[PDB]
Amino acid sequence: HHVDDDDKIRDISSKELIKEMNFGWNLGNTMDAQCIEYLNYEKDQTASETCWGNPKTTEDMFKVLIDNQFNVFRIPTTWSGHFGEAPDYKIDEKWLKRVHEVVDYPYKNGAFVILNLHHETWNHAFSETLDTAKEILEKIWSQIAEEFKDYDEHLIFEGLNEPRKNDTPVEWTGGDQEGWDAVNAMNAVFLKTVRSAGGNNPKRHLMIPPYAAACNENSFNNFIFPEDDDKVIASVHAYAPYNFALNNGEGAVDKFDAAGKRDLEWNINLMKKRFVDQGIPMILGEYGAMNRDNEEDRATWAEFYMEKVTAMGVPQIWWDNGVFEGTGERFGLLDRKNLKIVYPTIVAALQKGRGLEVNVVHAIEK
């Protein structure tokens with residue numbers, strides 16, 4: 001130990017590393033917020049951060065979550081609108097500086113941080129678009145890898161978010177050959193680009209999604225996961241059971257019933273069979289259940305899903321968009337302005353289901 005550098009990145013496998021993860025939270029609707037048309041990014045390259053209504057991110061927001069034993073923070077980040085033309089596609093310096101500031105909030109506090117490319121307009125899973133998309137991917141990921149090359153293993157890159165065939169019948173059903181081929185080609189570019197960047201990047205842990213990051217047989221069966229790289233993790237998003245957790249139309253329910261339970265087990269089984277049983281590390285980078293004024297049902301669900309993915313060594317990361325009111329997706333858990341856990345029974349259910357001591361700190365008091 002004694003003579004080791006403070007900069008050094010541990011050479012450790014993703015399967016071992018993820019045993020250090022408790023469970024996670026996304027800074028949603030923030031660095032991913034995309035208001036290219038409404039705002040004027042050329043005149044203020046970091047105003048997008050608060051354009052969907054969240055406050056400007058602070059270090060104390062992460063400290064509250066750490067106090068509750070969250071230790072992986074995903075920072076979904078939309079680059080589109082903040083970078084220049086071909087052939088350099090240069091990221092604007094002020095936007096990169098702010099993204100760097102936000103990553104440092106959980107990072108400098110010793111937690112895990114995932115940084116991705118989020119609501120990109122240019123990386124859709126189409127054939128006639130793919131050449132450009134690979135070119136941009138390469139240029140963008142080079143810059144980000146260069147910016148953070150000195151960061152240790154706690155900073156993970158997730159190459160793409162939900163790459164898919166936007167506005168076609170196969171957008172959300174798991175895709176088709178054109179989409180599968182495109183997502184595989186883009187993932188391999190991301191992977192090649194980081195592994196050959198400077199500093200710690202060769203040993204950085206890297207997440208790649210199947211098509212749409214979808215938990216579904218089509219996507220899973222057609223996803224190509226790399227040989228002999230022990231530092232790659234599959235990225236999957238799964239708000240199951242959809243009718244309870246995320247559906248705002250006719251099939252929606254506010255009760256976690258015996259059928260929602262079976263639907264979630266089925267989904268967990270698909271991940272188990274595709275990844276855990278194949279010795280592939282995976283992280284559920286998004287999940288959540290909206291508030292439908294049903295705290296006890298959401299607590300039971302969250303404990304159940306946590307205990308099920310914990311029972312298999314898979315961490316999951318709550319999607320928190322800061323939204324608590326309205327019709328629309330109420331995934332808020334942290335009140336970012338008052339610095340309070342709004343649904344402490346949900347956080348207790350995550351601690352409990354993870355196998356941790358239950359201790360919810362900074363609860364609202366109602």
# chains A, B, ... in the order shown; residues from 1 in each chain; ligands from 1

call {"tool": "residues_around", "arguments": {"residues": "region 111-117 of chain A", "least_positions_apart": "3", "cutoff": "9 Å", "atoms": "only C-alpha atoms", "output": "MDAnalysis selection string"}}
result
chainID A and resid 21 24 32 66 70:80 99 103:104 106:108 120 153:161 206:207 285

call {"tool": "write_last_selection", "arguments": {"atoms": "N, CA and C atoms", "output": "short mmCIF file (atom, residue, chain, number, x, y, z; two decimals), in the first residue's frame"}}
result
data_model
loop_
_atom_site.label_atom_id
_atom_site.label_comp_id
_atom_site.auth_asym_id
_atom_site.auth_seq_id
_atom_site.Cartn_x
_atom_site.Cartn_y
_atom_site.Cartn_z
N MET A 21 -21.04 -0.82 -4.45
CA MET A 21 -22.21 0.04 -4.65
C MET A 21 -23.41 -0.40 -3.80
N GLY A 24 -28.33 3.77 -5.97
CA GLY A 24 -28.00 5.06 -6.57
C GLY A 24 -29.12 6.00 -6.88
N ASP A 32 -29.24 16.91 -18.20
CA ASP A 32 -29.86 16.29 -19.38
C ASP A 32 -30.94 17.18 -19.99
N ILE A 66 -25.85 11.01 0.35
CA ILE A 66 -24.81 10.19 0.99
C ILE A 66 -25.15 9.86 2.44
N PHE A 70 -26.89 6.36 -0.18
CA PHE A 70 -26.71 6.32 -1.64
C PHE A 70 -25.23 6.53 -1.88
N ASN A 71 -24.63 5.77 -2.80
CA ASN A 71 -23.17 6.01 -3.08
C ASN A 71 -22.88 5.85 -4.57
N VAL A 72 -23.91 5.87 -5.43
CA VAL A 72 -23.60 5.93 -6.85
C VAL A 72 -24.56 7.01 -7.35
N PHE A 73 -24.02 7.92 -8.16
CA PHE A 73 -24.78 9.06 -8.64
C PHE A 73 -24.62 9.10 -10.13
N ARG A 74 -25.74 9.00 -10.85
CA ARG A 74 -25.67 9.08 -12.28
C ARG A 74 -25.98 10.52 -12.66
N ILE A 75 -25.22 11.06 -13.60
CA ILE A 75 -25.42 12.48 -13.97
C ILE A 75 -25.79 12.47 -15.44
N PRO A 76 -27.09 12.24 -15.73
CA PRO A 76 -27.45 12.18 -17.15
C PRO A 76 -27.18 13.55 -17.78
N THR A 77 -26.55 13.58 -18.96
CA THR A 77 -26.01 14.81 -19.50
C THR A 77 -26.26 14.85 -20.99
N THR A 78 -26.96 15.89 -21.44
CA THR A 78 -27.24 16.01 -22.83
C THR A 78 -26.26 17.01 -23.37
N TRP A 79 -25.46 16.56 -24.33
CA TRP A 79 -24.40 17.37 -24.93
C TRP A 79 -24.93 18.17 -26.14
N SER A 80 -25.94 17.66 -26.83
CA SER A 80 -26.51 18.26 -28.03
C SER A 80 -26.88 19.71 -27.78
N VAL A 99 -20.16 20.69 -16.24
CA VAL A 99 -20.39 19.24 -16.12
C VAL A 99 -19.29 18.73 -15.18
N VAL A 103 -19.90 16.71 -11.62
CA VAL A 103 -19.31 15.38 -11.33
C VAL A 103 -18.51 15.40 -10.01
N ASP A 104 -17.81 16.51 -9.77
CA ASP A 104 -16.93 16.65 -8.60
C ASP A 104 -17.76 16.62 -7.32
N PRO A 106 -20.35 14.54 -6.17
CA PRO A 106 -20.29 13.22 -5.56
C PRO A 106 -18.86 12.66 -5.57
N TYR A 107 -18.10 12.95 -6.63
CA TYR A 107 -16.76 12.34 -6.73
C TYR A 107 -15.83 12.72 -5.54
N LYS A 108 -15.81 14.01 -5.24
CA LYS A 108 -14.87 14.46 -4.23
C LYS A 108 -15.37 14.02 -2.87
N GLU A 120 -29.45 12.89 -26.90
CA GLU A 120 -28.77 13.29 -28.14
C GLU A 120 -29.65 13.18 -29.39
N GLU A 153 -11.30 5.06 -10.39
CA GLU A 153 -12.30 4.10 -10.83
C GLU A 153 -13.74 4.47 -10.43
N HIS A 154 -13.90 5.39 -9.48
CA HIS A 154 -15.23 5.84 -9.07
C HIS A 154 -15.99 6.63 -10.16
N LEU A 155 -15.28 7.08 -11.19
CA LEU A 155 -15.98 7.79 -12.28
C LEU A 155 -16.12 6.84 -13.47
N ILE A 156 -17.36 6.49 -13.79
CA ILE A 156 -17.67 5.49 -14.82
C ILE A 156 -18.29 6.24 -16.02
N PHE A 157 -17.96 5.84 -17.25
CA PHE A 157 -18.58 6.48 -18.42
C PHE A 157 -19.64 5.51 -18.97
N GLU A 158 -20.78 6.04 -19.37
CA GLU A 158 -21.91 5.25 -19.93
C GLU A 158 -22.06 5.86 -21.30
N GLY A 159 -21.74 5.09 -22.32
CA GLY A 159 -21.49 5.62 -23.67
C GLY A 159 -22.68 6.24 -24.39
N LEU A 160 -23.87 5.68 -24.13
CA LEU A 160 -25.08 6.13 -24.80
C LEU A 160 -26.19 5.83 -23.81
N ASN A 161 -27.33 6.48 -24.01
CA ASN A 161 -28.41 6.36 -23.06
C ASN A 161 -29.41 5.32 -23.56
N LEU A 206 -16.74 1.10 -17.94
CA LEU A 206 -17.52 1.69 -19.01
C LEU A 206 -18.85 0.94 -19.14
N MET A 207 -19.96 1.69 -19.18
CA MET A 207 -21.30 1.10 -19.34
C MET A 207 -21.77 1.21 -20.80
N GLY A 285 -29.44 1.38 -14.55
CA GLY A 285 -29.05 2.79 -14.43
C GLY A 285 -30.27 3.68 -14.17
#

call {"tool": "residues_around", "arguments": {"residues": "residue 175 (chain A)", "least_positions_apart": "6", "cutoff": "7 Å", "atoms": "only C-alpha atoms", "output": "PyMOL selection string"}}
result
chain A and resi 164+211+218-219

call {"tool": "write_last_selection", "arguments": {"atoms": "C-alpha atoms", "output": "PDB file, in the first residue's frame"}}
result
ATOM      1  CA  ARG A 164     -33.192   3.458 -30.650  1.00  0.00           C
ATOM      2  CA  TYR A 211     -31.011  -1.183 -27.848  1.00  0.00           C
ATOM      3  CA  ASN A 218     -35.463  -8.565 -28.582  1.00  0.00           C
ATOM      4  CA  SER A 219     -32.864  -6.096 -27.203  1.00  0.00           C
TER       5      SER A 219
END

call {"tool": "atom_distance", "arguments": {"atom1": "CA of residue 314 (chain A)", "atom2": "CA of residue 283 (chain A)"}}
result
5.9 Å

call {"tool": "closest_atom_pairs", "arguments": {"of": "region 45-101 of chain A", "to": "region 139-151 of chain A", "cutoff": "12 Å", "atoms": "only C-alpha atoms", "output": "JSON lines"}}
result
{"residue": "A:77", "atom": "CA", "partner": "A:144", "partner_atom": "CA", "distance": 11.7}
{"residue": "A:78", "atom": "CA", "partner": "A:140", "partner_atom": "CA", "distance": 11.6}
{"residue": "A:79", "atom": "CA", "partner": "A:140", "partner_atom": "CA", "distance": 8.7}
{"residue": "A:80", "atom": "CA", "partner": "A:140", "partner_atom": "CA", "distance": 10.3}
{"residue": "A:82", "atom": "CA", "partner": "A:140", "partner_atom": "CA", "distance": 10.8}
{"residue": "A:83", "atom": "CA", "partner": "A:140", "partner_atom": "CA", "distance": 8.6}
{"residue": "A:84", "atom": "CA", "partner": "A:140", "partner_atom": "CA", "distance": 10.4}
{"residue": "A:85", "atom": "CA", "partner": "A:139", "partner_atom": "CA", "distance": 10.9}
{"residue": "A:86", "atom": "CA", "partner": "A:139", "partner_atom": "CA", "distance": 9.5}
{"residue": "A:87", "atom": "CA", "partner": "A:139", "partner_atom": "CA", "distance": 8.4}
{"residue": "A:88", "atom": "CA", "partner": "A:139", "partner_atom": "CA", "distance": 6.5}
{"residue": "A:89", "atom": "CA", "partner": "A:139", "partner_atom": "CA", "distance": 6.5}
{"residue": "A:90", "atom": "CA", "partner": "A:140", "partner_atom": "CA", "distance": 7.5}
{"residue": "A:91", "atom": "CA", "partner": "A:140", "partner_atom": "CA", "distance": 7.3}
{"residue": "A:92", "atom": "CA", "partner": "A:143", "partner_atom": "CA", "distance": 10.7}
{"residue": "A:93", "atom": "CA", "partner": "A:147", "partner_atom": "CA", "distance": 10.6}
{"residue": "A:95", "atom": "CA", "partner": "A:144", "partner_atom": "CA", "distance": 11.5}
{"residue": "A:96", "atom": "CA", "partner": "A:144", "partner_atom": "CA", "distance": 8.2}
{"residue": "A:97", "atom": "CA", "partner": "A:147", "partner_atom": "CA", "distance": 9.2}
{"residue": "A:98", "atom": "CA", "partner": "A:147", "partner_atom": "CA", "distance": 11.9}
{"residue": "A:99", "atom": "CA", "partner": "A:144", "partner_atom": "CA", "distance": 9.9}
{"residue": "A:100", "atom": "CA", "partner": "A:148", "partner_atom": "CA", "distance": 8.0}
{"residue": "A:101", "atom": "CA", "partner": "A:148", "partner_atom": "CA", "distance": 11.3}

call {"tool": "atom_distance", "arguments": {"atom1": "CA of residue 233 (chain A)", "atom2": "CA of residue 284 (chain A)"}}
result
10.1 Å

call {"tool": "residues_around", "arguments": {"residues": "residue 238 (chain A)", "least_positions_apart": "4", "cutoff": "8 Å", "atoms": "only C-alpha atoms", "output": "list in words"}}
result
residues 214, 215, 284, 286 and 287 of chain A

call {"tool": "select_by_dssp", "arguments": {"residues": "region 106-325 of chain A", "states": "helix (DSSP H, G or I)", "output": "MDAnalysis selection string"}}
result
chainID A and resid 106:107 130:147 177:195 201:203 211:213 217:221 242:245 258:274 276:278 295:310

call {"tool": "write_last_selection", "arguments": {"atoms": "C-alpha atoms", "output": "mmCIF file, in the first residue's frame"}}
result
data_model
loop_
_atom_site.group_PDB
_atom_site.id
_atom_site.type_symbol
_atom_site.label_atom_id
_atom_site.label_comp_id
_atom_site.auth_asym_id
_atom_site.auth_seq_id
_atom_site.Cartn_x
_atom_site.Cartn_y
_atom_site.Cartn_z
ATOM 1 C CA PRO A 106 -20.294 13.217 -5.564
ATOM 2 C CA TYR A 107 -16.756 12.343 -6.734
ATOM 3 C CA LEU A 130 -24.787 5.927 -38.577
ATOM 4 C CA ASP A 131 -21.539 7.109 -40.249
ATOM 5 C CA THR A 132 -21.999 10.636 -38.913
ATOM 6 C CA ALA A 133 -23.073 9.286 -35.551
ATOM 7 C CA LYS A 134 -19.863 7.212 -35.165
ATOM 8 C CA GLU A 135 -17.762 10.256 -36.173
ATOM 9 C CA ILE A 136 -19.464 12.493 -33.586
ATOM 10 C CA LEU A 137 -19.271 9.753 -30.968
ATOM 11 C CA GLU A 138 -15.572 9.430 -31.423
ATOM 12 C CA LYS A 139 -14.963 13.192 -31.185
ATOM 13 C CA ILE A 140 -17.211 13.803 -28.194
ATOM 14 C CA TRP A 141 -15.965 10.831 -26.158
ATOM 15 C CA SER A 142 -12.373 11.789 -26.864
ATOM 16 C CA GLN A 143 -12.914 15.207 -25.310
ATOM 17 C CA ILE A 144 -14.705 13.885 -22.254
ATOM 18 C CA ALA A 145 -12.106 11.123 -21.721
ATOM 19 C CA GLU A 146 -9.366 13.802 -22.048
ATOM 20 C CA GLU A 147 -11.119 16.121 -19.549
ATOM 21 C CA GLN A 177 -31.999 -5.690 -37.168
ATOM 22 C CA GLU A 178 -31.149 -2.177 -38.372
ATOM 23 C CA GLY A 179 -31.431 -0.799 -34.853
ATOM 24 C CA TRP A 180 -29.505 -3.694 -33.229
ATOM 25 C CA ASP A 181 -26.686 -3.395 -35.727
ATOM 26 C CA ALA A 182 -26.495 0.354 -35.170
ATOM 27 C CA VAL A 183 -26.441 0.245 -31.375
ATOM 28 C CA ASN A 184 -23.704 -2.475 -31.465
ATOM 29 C CA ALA A 185 -21.583 -0.444 -33.885
ATOM 30 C CA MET A 186 -21.950 2.682 -31.771
ATOM 31 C CA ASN A 187 -21.081 0.867 -28.490
ATOM 32 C CA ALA A 188 -17.854 -0.569 -29.938
ATOM 33 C CA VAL A 189 -16.829 2.933 -31.045
ATOM 34 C CA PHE A 190 -17.407 4.344 -27.569
ATOM 35 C CA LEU A 191 -15.436 1.483 -26.057
ATOM 36 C CA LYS A 192 -12.492 1.767 -28.448
ATOM 37 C CA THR A 193 -12.387 5.570 -28.021
ATOM 38 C CA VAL A 194 -12.139 5.506 -24.211
ATOM 39 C CA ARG A 195 -9.785 2.478 -23.850
ATOM 40 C CA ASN A 201 -9.040 5.787 -19.092
ATOM 41 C CA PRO A 202 -7.542 2.465 -20.242
ATOM 42 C CA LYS A 203 -8.670 1.091 -16.835
ATOM 43 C CA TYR A 211 -31.011 -1.183 -27.848
ATOM 44 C CA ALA A 212 -33.130 1.488 -26.078
ATOM 45 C CA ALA A 213 -31.387 0.240 -22.879
ATOM 46 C CA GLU A 217 -35.934 -10.152 -25.142
ATOM 47 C CA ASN A 218 -35.463 -8.565 -28.582
ATOM 48 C CA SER A 219 -32.864 -6.096 -27.203
ATOM 49 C CA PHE A 220 -31.084 -8.557 -24.961
ATOM 50 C CA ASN A 221 -30.800 -11.283 -27.553
ATOM 51 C CA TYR A 242 -44.721 -0.542 -16.101
ATOM 52 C CA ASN A 243 -48.439 -0.229 -15.289
ATOM 53 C CA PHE A 244 -47.665 0.539 -11.597
ATOM 54 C CA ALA A 245 -44.418 2.418 -12.012
ATOM 55 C CA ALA A 258 -49.875 -9.978 -7.345
ATOM 56 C CA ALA A 259 -49.756 -9.384 -11.092
ATOM 57 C CA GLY A 260 -47.318 -6.416 -10.835
ATOM 58 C CA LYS A 261 -45.166 -8.620 -8.635
ATOM 59 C CA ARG A 262 -45.095 -11.396 -11.309
ATOM 60 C CA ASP A 263 -44.405 -8.929 -14.071
ATOM 61 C CA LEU A 264 -41.416 -7.532 -12.086
ATOM 62 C CA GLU A 265 -40.126 -11.093 -11.371
ATOM 63 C CA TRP A 266 -40.340 -11.876 -15.085
ATOM 64 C CA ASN A 267 -38.288 -8.811 -15.921
ATOM 65 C CA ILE A 268 -35.735 -9.604 -13.141
ATOM 66 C CA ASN A 269 -35.516 -13.114 -14.575
ATOM 67 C CA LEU A 270 -34.703 -11.781 -18.036
ATOM 68 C CA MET A 271 -31.811 -9.708 -16.623
ATOM 69 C CA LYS A 272 -30.654 -12.657 -14.557
ATOM 70 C CA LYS A 273 -30.633 -14.985 -17.517
ATOM 71 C CA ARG A 274 -28.949 -12.563 -19.926
ATOM 72 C CA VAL A 276 -25.893 -12.433 -14.102
ATOM 73 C CA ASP A 277 -26.046 -16.066 -15.392
ATOM 74 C CA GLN A 278 -23.613 -15.239 -18.199
ATOM 75 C CA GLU A 295 -46.549 5.659 -0.443
ATOM 76 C CA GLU A 296 -47.158 2.288 1.238
ATOM 77 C CA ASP A 297 -47.572 0.449 -2.055
ATOM 78 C CA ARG A 298 -44.471 2.189 -3.428
ATOM 79 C CA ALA A 299 -42.518 1.283 -0.263
ATOM 80 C CA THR A 300 -43.508 -2.356 -0.584
ATOM 81 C CA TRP A 301 -42.576 -2.401 -4.247
ATOM 82 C CA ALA A 302 -39.236 -0.662 -3.731
ATOM 83 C CA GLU A 303 -38.196 -3.051 -0.960
ATOM 84 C CA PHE A 304 -39.241 -6.014 -3.120
ATOM 85 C CA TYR A 305 -37.373 -4.889 -6.279
ATOM 86 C CA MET A 306 -34.252 -3.954 -4.193
ATOM 87 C CA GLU A 307 -34.271 -7.256 -2.373
ATOM 88 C CA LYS A 308 -34.664 -9.084 -5.733
ATOM 89 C CA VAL A 309 -31.798 -7.290 -7.512
ATOM 90 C CA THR A 310 -29.638 -7.406 -4.350
#

call {"tool": "closest_residue", "arguments": {"among": "A:209, A:198, A:1, A:121", "to": "residue 166 (chain A)", "atoms": "only C-alpha atoms"}}
result
A:121
